[PDB]
$ cat run_27.txt   # compact mmCIF, C-alpha atoms
# COMPACT_ATOMS: atom_id res chain seq x y z
CA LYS R 2082 0.00 0.00 0.00
CA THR R 2083 2.64 2.55 0.97
CA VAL R 2084 4.49 1.45 -2.17
CA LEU R 2085 1.68 2.48 -4.46
CA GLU R 2086 1.45 5.65 -2.35
CA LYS R 2087 5.09 6.39 -3.12
CA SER R 2088 4.32 5.70 -6.79
CA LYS R 2089 1.27 7.93 -6.57
CA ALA R 2090 3.57 10.61 -5.19
CA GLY R 2091 5.87 10.49 -8.19
CA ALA R 2092 2.94 10.51 -10.61
CA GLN R 2093 1.45 13.58 -8.94
CA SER R 2094 4.86 15.22 -9.08
CA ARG R 2095 4.68 14.93 -12.85
CA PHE R 2096 1.02 15.89 -13.18
CA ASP R 2097 1.25 18.99 -11.01
CA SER R 2098 4.68 19.55 -12.52
CA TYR R 2099 3.24 20.08 -15.99
CA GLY R 2100 0.26 21.88 -14.54
CA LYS R 2101 2.77 24.60 -13.80
CA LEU R 2102 3.87 24.27 -17.42
CA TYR R 2103 0.30 23.89 -18.67
CA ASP R 2104 -2.31 26.66 -18.69
CA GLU R 2105 0.52 29.07 -19.40
CA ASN R 2106 1.90 29.83 -22.84
CA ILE R 2107 4.80 32.20 -22.28
CA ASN R 2108 7.65 32.29 -19.81
CA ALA R 2109 9.25 35.51 -18.58
CA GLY R 2110 12.15 35.28 -21.01
CA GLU R 2111 9.77 34.27 -23.77
CA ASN R 2112 7.47 37.22 -23.12
CA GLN R 2113 10.12 39.92 -22.82
CA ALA R 2114 11.85 38.50 -25.89
CA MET R 2115 8.80 38.15 -28.14
CA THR R 2116 7.94 41.68 -27.06
CA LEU R 2117 11.38 42.75 -28.29
CA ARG R 2118 10.43 41.13 -31.58
CA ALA R 2119 7.16 43.04 -31.89
CA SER R 2120 8.71 46.37 -30.89
CA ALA R 2121 11.48 45.59 -33.38
CA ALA R 2122 8.78 44.88 -35.98
CA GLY R 2123 7.30 48.33 -35.46
CA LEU R 2124 10.88 49.54 -35.81
CA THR R 2125 10.88 48.02 -39.27
CA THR R 2126 7.56 49.80 -39.86
CA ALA R 2127 9.27 53.14 -39.21
CA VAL R 2128 12.24 52.27 -41.41
CA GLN R 2129 9.82 51.30 -44.17
CA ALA R 2130 8.02 54.62 -43.98
CA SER R 2131 11.38 56.41 -44.08
CA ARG R 2132 12.95 54.33 -46.84
CA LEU R 2133 9.84 54.78 -48.99
CA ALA R 2134 9.82 58.53 -48.38
CA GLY R 2135 13.49 58.57 -49.41
CA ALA R 2136 12.68 56.64 -52.58
CA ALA R 2137 9.76 58.89 -53.59
CA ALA R 2138 12.17 61.73 -52.80
CA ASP R 2139 14.57 60.35 -55.41
CA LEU R 2140 11.69 59.55 -57.80
CA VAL R 2141 8.99 62.24 -57.71
CA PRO R 2142 5.53 60.71 -58.56
CA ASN R 2143 4.00 60.24 -60.93
CA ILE R 2144 3.62 59.10 -64.54
CA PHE R 2145 6.41 61.57 -65.44
CA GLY R 2146 3.86 64.04 -66.80
CA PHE R 2147 6.23 66.69 -65.40
CA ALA R 2148 9.67 65.15 -64.67
CA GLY R 2149 11.37 65.50 -68.02
CA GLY R 2150 10.90 62.36 -70.01
CA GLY R 2151 8.13 60.14 -71.23
CA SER R 2152 6.16 57.77 -69.01
CA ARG R 2153 8.98 55.65 -67.67
CA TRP R 2154 8.46 51.91 -67.73
CA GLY R 2155 11.98 51.61 -66.37
CA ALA R 2156 11.70 54.13 -63.54
CA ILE R 2157 8.10 53.50 -62.50
CA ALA R 2158 8.81 49.78 -62.80
CA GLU R 2159 11.66 50.48 -60.37
CA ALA R 2160 9.31 52.10 -57.87
CA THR R 2161 6.92 49.15 -58.12
CA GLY R 2162 9.91 46.84 -57.64
CA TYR R 2163 11.08 48.66 -54.53
CA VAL R 2164 7.55 48.63 -53.11
CA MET R 2165 7.65 44.90 -53.76
CA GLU R 2166 10.86 44.24 -51.87
CA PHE R 2167 9.95 46.24 -48.77
CA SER R 2168 6.54 44.56 -48.91
CA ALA R 2169 8.21 41.17 -49.08
CA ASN R 2170 10.43 41.71 -46.05
CA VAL R 2171 7.56 43.12 -43.97
CA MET R 2172 5.48 40.06 -44.84
CA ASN R 2173 8.45 37.87 -43.93
CA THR R 2174 8.53 39.46 -40.50
CA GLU R 2175 4.87 38.69 -39.93
CA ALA R 2176 5.29 35.13 -41.24
CA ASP R 2177 8.16 34.86 -38.78
CA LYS R 2178 5.76 35.67 -35.96
CA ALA L 2130 28.08 55.06 -30.85
CA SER L 2131 30.51 55.36 -33.77
CA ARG L 2132 27.96 54.96 -36.56
CA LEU L 2133 25.72 57.57 -34.93
CA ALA L 2134 28.63 59.98 -34.51
CA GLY L 2135 29.40 59.44 -38.21
CA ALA L 2136 25.79 60.16 -39.13
CA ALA L 2137 25.56 63.36 -37.05
CA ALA L 2138 28.89 64.21 -38.67
CA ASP L 2139 27.23 63.98 -42.09
CA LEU L 2140 24.09 65.72 -40.81
CA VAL L 2141 24.93 68.53 -38.36
CA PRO L 2142 22.04 69.02 -35.82
CA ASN L 2143 19.64 70.57 -35.68
CA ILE L 2144 16.44 72.00 -37.18
CA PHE L 2145 18.61 73.45 -39.99
CA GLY L 2146 18.45 76.91 -38.40
CA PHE L 2147 22.02 77.26 -39.69
CA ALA L 2148 22.76 74.59 -42.35
CA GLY L 2149 21.54 76.29 -45.48
CA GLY L 2150 17.98 75.31 -46.14
CA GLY L 2151 14.65 75.29 -44.40
CA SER L 2152 13.70 72.85 -41.65
CA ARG L 2153 14.19 69.59 -43.47
CA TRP L 2154 11.42 67.04 -43.14
CA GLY L 2155 13.43 64.87 -45.52
CA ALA L 2156 16.81 65.14 -43.81
CA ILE L 2157 15.66 65.21 -40.18
CA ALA L 2158 13.24 62.42 -41.04
CA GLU L 2159 16.33 60.58 -42.28
CA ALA L 2160 18.10 61.05 -38.95
CA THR L 2161 15.04 59.78 -37.08
CA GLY L 2162 14.92 56.84 -39.49
CA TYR L 2163 18.56 55.96 -38.90
CA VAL L 2164 18.09 56.22 -35.14
CA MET L 2165 15.20 53.82 -35.64
CA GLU L 2166 17.18 51.18 -37.50
CA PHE L 2167 20.13 51.11 -35.12
CA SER L 2168 17.61 51.05 -32.27
CA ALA L 2169 15.85 48.12 -33.88
CA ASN L 2170 18.98 46.00 -34.28
CA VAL L 2171 20.15 46.72 -30.73
CA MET L 2172 16.73 45.66 -29.43
CA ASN L 2173 16.96 42.54 -31.61
CA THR L 2174 20.23 41.65 -29.93
CA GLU L 2175 18.67 41.92 -26.48
CA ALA L 2176 15.60 39.94 -27.59
CA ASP L 2177 18.07 37.36 -28.86
CA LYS L 2178 19.48 37.05 -25.35
CA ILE L 2179 15.97 36.81 -23.90
CA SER L 2180 15.26 33.93 -26.27
CA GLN L 2181 18.52 32.14 -25.46
CA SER L 2182 18.06 32.35 -21.68
CA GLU L 2183 14.45 31.36 -22.28
CA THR L 2184 15.55 28.15 -24.00
CA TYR L 2185 17.99 27.52 -21.16
CA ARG L 2186 15.24 27.88 -18.57
CA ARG L 2187 12.99 25.58 -20.59
CA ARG L 2188 15.52 22.76 -20.91
CA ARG L 2189 16.33 23.28 -17.25
CA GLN L 2190 12.65 22.57 -16.55
CA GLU L 2191 13.03 19.38 -18.57
CA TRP L 2192 15.95 18.35 -16.34
CA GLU L 2193 13.90 19.12 -13.24
CA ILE L 2194 10.94 17.02 -14.39
CA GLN L 2195 13.13 14.10 -15.42
CA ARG L 2196 15.33 13.97 -12.33
CA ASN L 2197 12.21 14.24 -10.21
CA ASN L 2198 10.82 11.31 -12.20
CA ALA L 2199 13.84 9.19 -11.31
CA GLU L 2200 13.62 10.26 -7.67
CA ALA L 2201 9.99 9.28 -7.19
CA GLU L 2202 10.87 6.04 -8.93
CA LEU L 2203 13.64 5.35 -6.44
CA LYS L 2204 11.50 5.97 -3.39
CA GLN L 2205 9.00 3.56 -4.89
CA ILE L 2206 11.83 1.04 -5.18
CA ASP L 2207 12.74 1.34 -1.51
CA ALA L 2208 9.07 0.87 -0.63
CA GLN L 2209 9.11 -2.40 -2.58
CA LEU L 2210 12.29 -3.36 -0.75
CA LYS L 2211 10.70 -3.03 2.66
CA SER L 2212 7.80 -5.02 1.25
CA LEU L 2213 9.84 -7.97 -0.01
CA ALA L 2214 11.67 -7.71 3.28
CA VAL L 2215 8.31 -8.29 4.99
CA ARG L 2216 7.31 -11.07 2.61
CA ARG L 2217 10.66 -12.58 3.49
CA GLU L 2218 9.62 -12.29 7.13
CA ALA L 2219 6.50 -14.33 6.37
CA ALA L 2220 8.41 -16.93 4.40
CA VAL L 2221 10.80 -17.45 7.30
CA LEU L 2222 7.79 -17.70 9.58
CA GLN L 2223 6.73 -20.31 7.06
CA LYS L 2224 10.00 -22.17 7.56
CA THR L 2225 9.63 -22.15 11.33
CA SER L 2226 5.98 -23.11 11.15

$ encode --input "run_27.txt" --output "structure tokens"
Amino acid sequence: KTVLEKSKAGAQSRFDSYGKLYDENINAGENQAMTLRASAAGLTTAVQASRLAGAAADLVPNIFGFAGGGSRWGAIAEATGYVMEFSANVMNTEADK
Amino acid sequence: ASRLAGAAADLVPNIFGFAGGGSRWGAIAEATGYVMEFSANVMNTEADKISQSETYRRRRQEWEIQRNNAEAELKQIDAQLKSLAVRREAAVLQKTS
């Protein structure tokens, strides 16, 4: 009898041991860290806004009705391309989360 | 520290009250942007440490659970040993009977 009570004790050690683990999805390290990842993600947001503003600063929109030249497939295609890449990396951050 | 000093060396603060031009949304927005990116990567380093120490705490919890498993096992064993000691007692009482 006291044997299976010893055994019961071990079993409960495991059950209550995971109970601590269970019902909770994020440790302290995990929470502070993942928070660093979200804050860092907003940091990318800001660097996207800035890098795009810099790009539109180099290429003044749009259509080249004004900027001397015809409607530029090359240049406008470049702006679409850039918008693609920064879009891609942002989406890769979210997919990372 | 060095890369920021280099940046402020290229862009002399602030407001462009002196550097010839009006108050530059473009340029000052660039300095804010840069401060953002270097902030982001620093924060990503710290979050990296948070994740690493997180993993170390997790595996440590694995060790705790498993050792504790073996312990409860062993105390069970000793319980069975005092049992089969008793059963021995009854088999010797058998002999003498």

$ interface_residues --input "run_27.txt" --of "chain R" --to "chain L" --cutoff "6 Å" --atoms "all atoms listed in the file" --output "mmCIF file with C-alpha atoms, in the frame of the given file"
data_model
loop_
_atom_site.group_PDB
_atom_site.id
_atom_site.type_symbol
_atom_site.label_atom_id
_atom_site.label_comp_id
_atom_site.auth_asym_id
_atom_site.auth_seq_id
_atom_site.Cartn_x
_atom_site.Cartn_y
_atom_site.Cartn_z
ATOM 1 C CA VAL R 2084 4.490 1.450 -2.170
ATOM 2 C CA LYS R 2087 5.090 6.390 -3.120
ATOM 3 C CA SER R 2088 4.320 5.700 -6.790
ATOM 4 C CA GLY R 2091 5.870 10.490 -8.190
ATOM 5 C CA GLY R 2110 12.150 35.280 -21.010
ATOM 6 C CA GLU R 2111 9.770 34.270 -23.770
ATOM 7 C CA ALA R 2114 11.850 38.500 -25.890
ATOM 8 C CA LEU R 2117 11.380 42.750 -28.290
ATOM 9 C CA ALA R 2121 11.480 45.590 -33.380
ATOM 10 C CA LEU R 2124 10.880 49.540 -35.810
ATOM 11 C CA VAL R 2128 12.240 52.270 -41.410
ATOM 12 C CA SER R 2131 11.380 56.410 -44.080
#

$ residues_around --input "run_27.txt" --residues "range 2133-2137 of chain R" --least-positions-apart "3" --cutoff "12 Å" --atoms "only C-alpha atoms" --output "ChimeraX atom specification"
/R:2125-2130,2140-2143,2156-2157,2159-2168 /L:2154-2160,2162-2163

$ atom_distance --input "run_27.txt" --atom1 "CA of residue 2214 in chain L" --atom2 "CA of residue 2082 in chain R"
14.4 Å

$ decode --input "run_27.txt" --residues "range 2148-2164 of chain R" --atoms "N, CA, C and O atoms" --output "short mmCIF file (atom, residue, chain, number, x, y, z; two decimals), in the first residue's frame"
data_model
loop_
_atom_site.label_atom_id
_atom_site.label_comp_id
_atom_site.auth_asym_id
_atom_site.auth_seq_id
_atom_site.Cartn_x
_atom_site.Cartn_y
_atom_site.Cartn_z
N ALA R 2148 8.25 65.50 -64.67
CA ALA R 2148 9.67 65.15 -64.67
C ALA R 2148 10.09 64.79 -66.09
O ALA R 2148 9.51 63.89 -66.71
N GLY R 2149 11.13 65.47 -66.59
CA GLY R 2149 11.37 65.50 -68.02
C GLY R 2149 11.73 64.17 -68.62
O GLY R 2149 12.74 63.54 -68.29
N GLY R 2150 10.87 63.73 -69.54
CA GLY R 2150 10.90 62.36 -70.01
C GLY R 2150 9.50 61.89 -70.32
O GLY R 2150 8.52 62.58 -70.04
N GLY R 2151 9.41 60.68 -70.86
CA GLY R 2151 8.13 60.14 -71.23
C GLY R 2151 7.70 59.33 -70.04
O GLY R 2151 8.38 59.36 -69.01
N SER R 2152 6.61 58.58 -70.13
CA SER R 2152 6.16 57.77 -69.01
C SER R 2152 7.15 56.63 -68.90
O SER R 2152 7.33 55.87 -69.86
N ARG R 2153 7.81 56.51 -67.75
CA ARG R 2153 8.98 55.65 -67.67
C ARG R 2153 8.57 54.27 -67.20
O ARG R 2153 8.25 54.07 -66.02
N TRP R 2154 8.60 53.30 -68.12
CA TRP R 2154 8.46 51.91 -67.73
C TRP R 2154 9.61 51.47 -66.85
O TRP R 2154 9.41 50.74 -65.87
N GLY R 2155 10.82 51.92 -67.17
CA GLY R 2155 11.98 51.61 -66.37
C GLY R 2155 11.88 52.18 -64.97
O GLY R 2155 11.94 51.43 -63.99
N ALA R 2156 11.68 53.50 -64.86
CA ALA R 2156 11.70 54.13 -63.54
C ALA R 2156 10.49 53.73 -62.70
O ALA R 2156 10.64 53.31 -61.55
N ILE R 2157 9.29 53.88 -63.25
CA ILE R 2157 8.10 53.50 -62.50
C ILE R 2157 8.14 52.01 -62.16
O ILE R 2157 7.79 51.60 -61.05
N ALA R 2158 8.60 51.19 -63.11
CA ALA R 2158 8.81 49.78 -62.80
C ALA R 2158 9.79 49.61 -61.64
O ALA R 2158 9.67 48.66 -60.86
N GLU R 2159 10.76 50.52 -61.51
CA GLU R 2159 11.66 50.48 -60.37
C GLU R 2159 10.92 50.80 -59.08
O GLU R 2159 11.12 50.14 -58.07
N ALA R 2160 10.03 51.80 -59.10
CA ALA R 2160 9.31 52.10 -57.87
C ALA R 2160 8.40 50.95 -57.46
O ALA R 2160 8.30 50.60 -56.28
N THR R 2161 7.73 50.32 -58.44
CA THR R 2161 6.92 49.15 -58.12
C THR R 2161 7.80 48.06 -57.52
O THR R 2161 7.44 47.44 -56.52
N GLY R 2162 8.96 47.82 -58.15
CA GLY R 2162 9.91 46.84 -57.64
C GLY R 2162 10.30 47.08 -56.20
O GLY R 2162 10.28 46.17 -55.37
N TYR R 2163 10.66 48.33 -55.88
CA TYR R 2163 11.08 48.66 -54.53
C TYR R 2163 9.93 48.40 -53.57
O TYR R 2163 10.11 47.77 -52.51
N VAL R 2164 8.73 48.85 -53.94
CA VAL R 2164 7.55 48.63 -53.11
C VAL R 2164 7.36 47.14 -52.89
O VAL R 2164 6.98 46.70 -51.79
#
